[PDB]
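Numbering (the deposited numbering), first residue to last: 11 to 362, 380 to 403.
C-beta: ideal position from N, C-alpha, C; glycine also.
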Ligand SMILES: O=C(NCc1ccc2c(c1)CCCN2C(=O)c1cccc(Cl)c1)c1ccc(Cl)cc1
């Protein structure tokens with residue numbers, strides 16, 4: 011895969027070995043970001059942010075330092091807007107934080123809100139570099155509140171993301187085999203992809219050990235919420251000193267993951283076609299991905315269809331290998347639906380949004396299942 015797309019051999023779409031510390035110039039940002047749970051509880055978070063001076067972004071030279079600053083400012087912004095998380099909000103982001111956040115966001119080509127690429131793909135480290143990428147040798151860099159299960163939620167998402175890297179690297183073999191008319195190589199590649207997608211499902215199972223239903227629904231879901239079609243911020247958020255009018259941006263989502271879409275594109279599963287709501291949403295979330303990763307998706311669309319090729323051959327072995335990949339995606343959507351039931355639907359019904384996500388996932392699963400050449 012070409013280096014311009016920023017896809018790593020080991021970790022795929024995740025940022026390899028992210029930066030932990032900023033330069034000493036930005037100590038004031040780091041203190042607030044490192045102690046969000048404490049400052050929110052004492053009721054001093056909004057005070058500390060308002061007392062900040064406006065720091066220039068020019069000392070953030072390299073890409074990794076810039077991605078770290080985005081995560082820092084992203085988490086602070088979520089804490090400032092939502093606060094304790096029981097209705098008391100802020101609709102204006104002070105200039106001292108809003109200006110450098112938007113400047114940095116424009117530079118990287120991402121919107122000025124916390125996205126999946128911040129809080130999963132760049133929000134990680136390993137404890138011992140000599141030891142491999144396991145949960146016990148890994149940690150997140152930032153959290154919102156004590157007992158929010160942010161470590162479990164983000165790290166398990168990252169581990170699934172890392173598992174998918176074994177499949178992503180096979181993609182060039184698939185397209186090369188098609189243009190070179192190499193049937194046996196194509197079959198082998200498709201079987202290898204299917205196997206890696208099956209292993210990714212098994213990695214997903216870890217979520218039950220590290221995430222609690224109450225904690226996710228009542229705490230973490232609040233802080234990941236955005237300001238697009240939200241009654242609490244009907245007009246959006248005012249970024250002081252940068253834009254005059256308030257702007258709307260969508261909150262964090264699994265739809266922002268590139269792995270969520272790239273295998274549907276590869277296999278010709280028409281997810282973003284027909285102008286339905288699910289199709290529109292998947293296209294919209296491409297602008298919430300890093301530019302190199304959105305470029306990768308549309309470049310996949312530029313290549314000839316893997317589905318049409320496999321259909322023309324009249325070869326049962328090839329059809330089987332194709333369906334194995336499709337069946338693995340059906341299994342992944344089905345498991346995601348189970349996770350939505352446990353962590354959102356049941357907690358919501360017990361106390362005196381979740382429905383929409385279920386329906387979206389049912390449409391995505393339905394489209395995937397009907398792309399099967401033979402019934403499973
Ligand atoms: O929903 C979240 N996490 C659970 C979750 C839910 C779903 C999937 C993933 C994480 C990670 C990879 C994509 N993903 C798949 O299920 C999938 C689809 C196709 C292929 C493969 Cl290998 C995985 C989540 C939501 C908001 C934020 Cl701010 C961060 C994470």
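Among the options, nearest to residue i - alpha-carbon criterion
i, options, result
"residue 214", "327, 205, 163 and 389", "163"
"residue 289", "103, 391, 61 and 21", "391"
"residue 5", "225, 62 and 132", "The shown model of the chain, from 11 to 403, leaves out residue 5, and the question about it has no answer."
"residue 134", "165, 42, 386 and 35", "165"
"residue 206", "319, 175, 30 and 59", "175"
"residue 97", "294, 83 and 242", "242"
"residue 383", "301, 263 and 99", "263"
"residue 116", "224, 300 and 278", "300"
"residue 381", "109, 347 and 293", "347"
Cβ-based neighbour list, residue i, same chain, cut-off 8 Å, excluding 5 preceding and 5 following
i, result
"residue 201", "331 and 334"
"residue 161", "149, 150, 153 and 220"
"residue 233", "88, 89, 92, 95, 154, 155 and 158"
"residue 211", "338, 341, 342 and 345"
Distance CB(residue i)-CB(residue j) smaller than 8 Å
i, j, result
"residue 77", "residue 28", "yes"
"residue 159", "residue 240", "no"
"residue 286", "residue 260", "no"
"residue 250", "residue 105", "yes"
"residue 273", "residue 353", "no"
"residue 59", "residue 86", "yes"
"residue 306", "residue 188", "no"
"residue 258", "residue 246", "yes"
"residue 357", "residue 224", "yes"
Coarse secondary structure for residue i, derived from DSSP in three states
i, result
"residue 61", "coil"
"residue 248", "strand"
"residue 270", "helix"
"residue 22", "strand"
"residue 299", "coil"
"residue 137", "coil"
"residue 148", "strand"
"residue 237", "strand"
"residue 259", "strand"
"residue 197", "helix"
"residue 180", "coil"
"residue 336", "helix"
"residue 130", "coil"
"residue 103", "strand"
"residue 189", "helix"
Chain-order list of residues whose beta-carbon lies under 7 Å from that of residue i (same chain, five-residue window excluded)
i, result
"residue 23", "17, 131, 171, 268, 269 and 303"
"residue 311", "275"
Status (buried if at least 16 other CB within 10 Å, exposed otherwise) for residue i
i, result
"residue 182", "exposed"
"residue 351", "exposed"
"residue 275", "buried"
"residue 194", "exposed"
"residue 470", "Residue coverage of the chain in this structure runs from 11 to 403, which leaves residue 470 outside it and unanswerable."
"residue 322", "exposed"
"residue 167", "buried"
"residue 84", "buried"
"residue 34", "exposed"
"residue 112", "buried"
"residue 52", "exposed"
Closer than 7 Å: residue i CB and nearest ligand 3 heavy atom
i, result
"residue 167", "No copy of ligand 3 occurs in the structure displayed; its ligands are ligand 1 alone."
Chain-order list of residues whose beta-carbon lies under 6 Å from that of residue i (same chain, five-residue window excluded)
i, result
"residue 295", "265 and 266"
"residue 218", "none"
"residue 403", "337"
"residue 385", "350"
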